[PDB]
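First comes the structure, then the notes that go with it.
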Amino acid sequence: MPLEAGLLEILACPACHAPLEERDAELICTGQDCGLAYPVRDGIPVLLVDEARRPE
Ligand SMILES: [Zn+2]
């Protein structure tokens, strides 16, 4: 009962599975219901919905 992987190189949002767009030091969610923004902290990206930031 192995967990699904499907190439870990595939880009997909944390929960709102959809295309992601990198911008400078922040990541922007792209897709139909996407639009959330995730800033990089200490060189580490944020994949938490609660910490996700809304469009400026
Ligand atoms: Zn997304």
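Taken together, the values in this text are just the output of simple stated rules run on the coordinates, not laboratory data. In this analysis, Cβ positions are derived from the backbone assuming ideal geometry, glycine residues included, and neighbour counts consider all displayed protein chains.
Please go through the range 21-45 and give me each residue that is away from the ligand (no atom under 16 Å from the Cβ) and not β-branched (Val, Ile, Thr), ordered by number.
Scanning the range 21-45 gives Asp24, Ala25, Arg41, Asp42, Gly43.
With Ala18, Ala12 as the choices, which residue is touching a strand residue (DSSP E or B) at 6+ places or on another chain (Cβ under 7 Å) and either of a type in the set (A, V, I, L, M, F, W, C) or within 9 Å of the ligand (Cβ to nearest atom) (or both)?
Checking each option against the conditions leaves just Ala18.
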